[PDB]
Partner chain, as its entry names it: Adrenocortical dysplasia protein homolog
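Next up is one chain by itself, shown in structure tokens, the form solved without the partner chain.
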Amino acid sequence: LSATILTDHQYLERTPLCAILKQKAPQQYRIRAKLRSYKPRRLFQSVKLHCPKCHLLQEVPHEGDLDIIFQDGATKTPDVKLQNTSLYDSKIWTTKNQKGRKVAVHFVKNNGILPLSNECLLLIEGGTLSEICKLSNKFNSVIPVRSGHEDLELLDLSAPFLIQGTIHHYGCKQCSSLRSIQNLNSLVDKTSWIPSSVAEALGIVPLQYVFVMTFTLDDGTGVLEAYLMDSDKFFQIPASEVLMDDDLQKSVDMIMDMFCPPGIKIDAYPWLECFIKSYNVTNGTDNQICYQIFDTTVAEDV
């Protein structure tokens, strides 16, 4: 009974960990070990934001953090000058049982024609998080913007650059070169918006949700630490949706408890067979070899 299986390179035979620790990097192996321990055991913390370029890892903002970022609004009132362009028709909200500077909403055109409420992109100006949450509940896509000087500009990259219902898309604060909002006119399709096109139209390098864990693997032959950076292949659970779904995180809780069950000794632990790759690092004056799991998924059990 193996807990994980290989999704590729199955022709490979198993290599014991004693051999791997003695060898060079980079190389790839097939192993079969037991999960002695894992970090972080707080699985709410294992979900991070990853940039495919700078390779940074940052935490996912809590609703409290997102509250403070949005509550500030910006440095000025929404410039009435920047309304009803050749890109969006605008409606200004009030402070009338509503809060903020002045909540302005800009419905980007479907190239001349306004959309309905079912497939429309919204630019909201100086809105609190609660106002953004209600509007993202009614419309498909929402972007937090702010009045700059010559054009609307994104609020801040610490806030999501695109909100589609309950999914929050973030960008890299160091690899991105923010373009002003008018560049959204270069979008081909103006009825459906995916984050890749929106981010590039705005010069944003989109972050990716990832599980980040360090498995301590032991086959009795030796002990090895393997990194897991995964979207949705390993656990077969989307990391972009696990942080907000009580069942998703529970079934991930249950997979870790299956690999490394508390109160149980290592004999009853199930075998994890994985495909790992080694790579070099200049860890101090010496030389470390780190290991990462690839092409490995959990076996058939929910």
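Note that the rigid core is defined as the largest set of C-alphas that superpose within 1.5 Å between two forms. Positions refer to the first chain, counted from 1.
Although not depicted, the form solved in complex with the partner chain is the subject of the following passage.
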Residues in which of 171 to 179, 157 to 165, 109 to 117, 187 to 195 have heavy atoms within 4.5 Å of the partner chain in the bound PDB entry? 109 to 117
Classify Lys134 as contacting or not contacting the partner chain in the bound PDB entry by the rule of any non-hydrogen atom within 4.5 angstroms, answering yes or no. yes
Is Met258 close enough to touch the partner chain in the bound PDB entry, meaning at least one heavy atom pair within 4.5 Å? no
Closest heavy atom of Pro262 to the partner chain in the bound PDB entry, within 4.5 Å or not? no
How about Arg36 - does it come within 4.5 Å of the partner chain in the bound PDB entry, if we only consider non-hydrogen atoms? no
Among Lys81, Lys138, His149, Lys76, just one has a heavy atom within 4.5 Å of the partner chain in the bound PDB entry, namely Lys138
Among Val212, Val223, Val205, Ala201, just one has a heavy atom within 4.5 Å of the partner chain in the bound PDB entry, namely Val212
Does any residue in 1 to 20 get within 4.5 Å of the partner chain in the bound PDB entry, counting heavy atoms only, and if so which ones? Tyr11
Just one entry of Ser158, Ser197, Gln98, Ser231 has its C-alpha move 2 Å or more between the shown form and the other one under rigid core superposition, and it is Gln98
Inspect the rigid-core superposition and answer whether the C-alpha of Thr214 shifts by 2 angstroms or more between the shown form and the other one. no
Is_shifted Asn283 between the shown form and the other one (CA, 2 Å cut-off, rigid core): yes
Against the rigid core, is the Cα displacement of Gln83 between the shown form and the other one at least 2 Å? yes
Using the form shown as baseline, tell whether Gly220 and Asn283 are closer or farther in Cα-Cα distance in the bound PDB entry, where the change reaches 3 Å or more. farther
How does the C-alpha distance between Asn84 and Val198 change in the bound PDB entry compared with the present structure, closer or farther, given a change of 3 angstroms or more? closer
